[PDB]
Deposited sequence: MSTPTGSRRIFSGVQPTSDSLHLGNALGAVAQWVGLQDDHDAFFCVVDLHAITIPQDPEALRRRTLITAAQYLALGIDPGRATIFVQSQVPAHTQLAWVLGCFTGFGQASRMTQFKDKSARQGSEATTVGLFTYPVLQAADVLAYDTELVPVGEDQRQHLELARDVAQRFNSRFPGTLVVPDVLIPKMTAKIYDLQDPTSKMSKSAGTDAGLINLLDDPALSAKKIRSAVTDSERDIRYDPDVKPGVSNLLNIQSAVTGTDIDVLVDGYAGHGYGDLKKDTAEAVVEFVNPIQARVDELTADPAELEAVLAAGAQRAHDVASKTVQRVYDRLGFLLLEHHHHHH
């Protein structure tokens, strides 16, 4: 159909998604794609807010699409496409920036975090708003770190509609609970990110499974020697249970009860072993999709045509409302 419209995206900024991308975003997408009209985007225009190697940016664009498919995104149910192939994104982004307070974009966390900012680092939340609003998106499945961004997208949509009623769908932010943050393994306070310097706390989907298992087995826990889920008091330990729960389907309580009398060594064992079991089918699927790119680029080609059909209607509806000559 075209109801319960969903939109979400990941940047092709690296050679692998990490567990946070896969559990905190892409896993939700796979549940949702059955009964939602879903658009899943590789957002390459966002990638170049930071300098990118061209051969790498292209290779990583395809690899990010491939990890979508290997994680279960289904091209028969959903639409996968590359942001830069749909001009409507930047068109709407220009418009939306005209309804976006400068201070409103200054107070955005990553701009506070730096401010050698560029205009692109400053305005990318506006382009993110156009990414979502261009597809009449009803819900946006993202992790917790994307919430402030999408309240800007909602506010600008409401500011625009106040002048032009009924023009843009105001999206609901759909954020998970536990998996909403997979934490670094060497620092279970901050999120597992591609920006914490060392890959040591970072579990990449496509890394060497024995290497990821080694990082898990080396994870920072605490001293209580009690396996119990409490993210404040037990950062490392709750993260690992969160990880093991997410890649297995077992609730955390059923896990914590099965861990009565067990130690933290047993906890890392099983989590590593389940992660390895999780990533190996992914890597096999990714390897074939990289070696046989017909499938993957047909998907992207069908996705881009479908995205353009939708997104360009939105842009002309906006343009008409603004008074542009069409």
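Unmodelled segments of the deposited chain, in sequence order: 1-4, 120-125, 337-344.
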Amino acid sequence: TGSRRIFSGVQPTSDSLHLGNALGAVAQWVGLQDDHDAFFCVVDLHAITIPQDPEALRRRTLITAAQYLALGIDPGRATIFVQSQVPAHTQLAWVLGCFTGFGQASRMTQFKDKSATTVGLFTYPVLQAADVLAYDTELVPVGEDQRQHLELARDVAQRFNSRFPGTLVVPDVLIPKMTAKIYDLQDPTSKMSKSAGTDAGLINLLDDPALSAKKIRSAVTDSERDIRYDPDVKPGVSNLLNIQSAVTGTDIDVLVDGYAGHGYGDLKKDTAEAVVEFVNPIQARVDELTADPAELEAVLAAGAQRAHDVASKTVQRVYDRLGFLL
From here on, numbers count along this sequence of modelled residues.
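In this text, the rigid core denotes the largest set of C-alpha atoms whose superposition between the two forms falls within 1.5 Å.
Once the structures in 5 other deposited structures of this protein are superposed via the core, the pair 188-196 and 163-171 is resolved in favour of 188-196 as the more displaced stretch (C-alpha RMS).
Taking 218-226 and 175-183 in turn, the stretch whose Cα atoms are more displaced from the shown form in 5 other deposited structures of this protein following rigid core superposition is 175-183.
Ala116 is a gap in at least a third of the other entries compared, counting only those with both neighbours built. Taking the PDB entry as given, 261-269 carries the higher mean Cα B factor of the two stretches 261-269 and 37-45. The question of which stretch, 122-130 or 162-170, has the higher mean Cα B factor is settled in favour of 162-170. Comparing the C-alpha B-factors of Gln104, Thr179, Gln146, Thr137 in the entry, the top value falls on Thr179.
Highest CA B-factor among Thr109, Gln83, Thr79, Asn204, as stated in the entry: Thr109. Sort the modelled residues of the chain by CA B factor and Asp113 lands in the highest third.
For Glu277, the recorded CA temperature factor ranks within the highest third of the chain's modelled residues.
Per-chain ranking of the deposited C-alpha B factor places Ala246 in the highest third. When the modelled residues of the chain are ordered by their C-alpha B factor, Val233 lands in the highest third. Among the modelled residues of the chain, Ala157 sits in the middle third by CA temperature factor in this PDB entry.
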